[PDB]
Amino acid sequence: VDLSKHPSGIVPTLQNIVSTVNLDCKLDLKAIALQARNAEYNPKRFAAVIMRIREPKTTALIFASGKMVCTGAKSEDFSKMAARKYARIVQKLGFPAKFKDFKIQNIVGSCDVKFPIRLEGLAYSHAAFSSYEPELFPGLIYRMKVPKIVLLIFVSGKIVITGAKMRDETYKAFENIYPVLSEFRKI
DNA sequence: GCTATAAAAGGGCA
DNA sequence: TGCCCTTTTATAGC
């Protein structure tokens, strides 16, 4: 790892990317669910056609408005690439589908600092950013202000970082928390 | 399973 | 007017 961009020497692994795009045309969801083999639509439950492709492994929520949500990709490039594949399937179904305002909405990453954490203590010292009700959920919820990112910290040293729109925020949030985790290493 | 976290889309309903 | 709901993903105890 490049110790220069990642001083901790640990790089969060990207696990999930959520993006949206505007197909810029009205869609008939019922016609889509009927023609598209790997598409499901239950309006009484959710007003979107749920469609999935194997590569990049992702799930799309396609709306009558032409707007679309792409989930599951492991990278921003994979997410865009997936979003484009769905837009082409919709095109080939007979709709004038474009690709307007593609935007990465959320990036989820995770890593392991490989040492256990004293969550109770970190929670106490960082109360204005922490929520820890172990009887509820075993992880401590750390709502970082700069960058405005949320981290789920576990006793095992495993960390989840979410809420970023740019991978650098994921990286910086982790670099910010790293000395703090060290400060609260369980001995 | 399911507790919790982020985020987007849009229909239903209080 | 504005929350829930659906989907995804890592994490870990119920």
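To find a chain, count down the sequence lines: A is the first, B the second, and so on, and within it residues start at 1.
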If you look at every strand shown and take non-hydrogen atoms under 4.0 Å, does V150(A) touch a base, only sugar-phosphate, or nothing?
-> sugar-phosphate

With a 4.0 Å cut-off on heavy atoms, is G139(A) in touch with a base, just the backbone sugar-phosphate, or nothing at all?
-> nothing

side-chain N/O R143(A) vs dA6(B) OP1/OP2, d < 4.0 Å | yes

In this structure, are over 12 heavy atoms from other groups packed under 6.0 Å from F115(A) atom CZ?
-> yes

If you check the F154(A) side chain, which of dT7(C), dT11(C), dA8(B) turns out closest?
-> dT11(C)

If you measure from the ring centre of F137(A) to the centre of the six-membered ring in the base of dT3(B), is it under 5.5 Å, with the planes under 30° apart?
-> no

Answer yes or no: is there a side-chain heavy-atom contact under 4.5 Å between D112(A) and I159(A)?
-> no

Provide, to the nearest angstrom, the distance between the NZ atom belonging to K26(A) and the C1' atom belonging to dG11(B).
-> 13 Å

In whole angstrom, what separates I153(A)'s CD1 from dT5(B)'s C1'?
-> 12 Å

State whether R52(A) and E40(A) are salt-bridged, where the test is any N-O pair (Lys NZ or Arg NE/NH1/NH2 against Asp/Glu carboxylate O) under 4.0 Å.
-> yes

Write down the distance between NZ (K158(A)) and P (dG13(C)), rounded to a whole number of angstrom.
-> 11 Å

Mind checking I50(A) for me? I need base, sugar-phosphate or nothing, with any heavy atom below 4.0 Å counting as a touch.
-> sugar-phosphate

So, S110(A) and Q15(A): side-chain donor and acceptor under 3.5 Å apart, yes or no?
-> yes

Examine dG11(B): is either OP1 or OP2 under 4.0 Å from a nitrogen or oxygen in the side chain of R45(A)? Give yes or no.
-> no

Under 4.0 Å: is that the gap between some side-chain N or O of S110(A) and OP1 or OP2 of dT11(C)?
-> no

Please work out if the bases of strand neighbours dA10(C) and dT9(C) stack, meaning their six-membered ring centres are under 5.5 Å apart and their ring planes differ by under 30°?
-> yes

Does one hydrophobic cluster hold both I149(A) and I141(A), with members joined at side-chain heavy-atom distances below 4.5 Å?
-> no

Do the side-chain N or O atoms of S65(A) get closer than 4.0 angstrom to the phosphate oxygens (OP1, OP2) of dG10(B)?
-> yes

With a 4.0 Å cut-off on heavy atoms, is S156(A) in touch with a base, just the backbone sugar-phosphate, or nothing at all?
-> sugar-phosphate

Please give, in whole Å, the distance from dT9(C) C1' to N16(A) CG?
-> 4 Å

Nearest of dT8(C), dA8(B), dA10(C) to any side-chain atom of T71(A)?
-> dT8(C)

Could you check whether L61(A) gets within reach of a base, just the sugar-phosphate, or nothing at all, counting any heavy atom under 4.0 Å?
-> base

Contact check, side chains of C70(A) and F102(A), non-hydrogen atoms, under 4.5 Å = no

Phosphate-side-chain proximity, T13(A) and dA10(C), N/O vs OP1/OP2 below 4.0 Å | no

For the pair made of CG in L140(A) and P in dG13(C), what is the distance, rounded to whole Å?
-> 14 Å

Nearest-nucleotide wise, let me know which of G163(A) and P138(A) is further upstream toward the 5' end of DNA chain B.
-> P138(A)

What is the distance from CZ of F63(A) to P of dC5(C), rounded to the nearest Å?
-> 15 Å

Over how many whole Å does the gap from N22(A) atom CG to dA9(B) atom P extend?
-> 10 Å

For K165(A), which contact category applies under a 4.0 Å heavy-atom criterion: base, sugar-phosphate, or nothing?
-> sugar-phosphate

Taking CD1 from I53(A) and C1' from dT7(C), how many angstroms apart are they, rounded to a whole number?
-> 15 Å

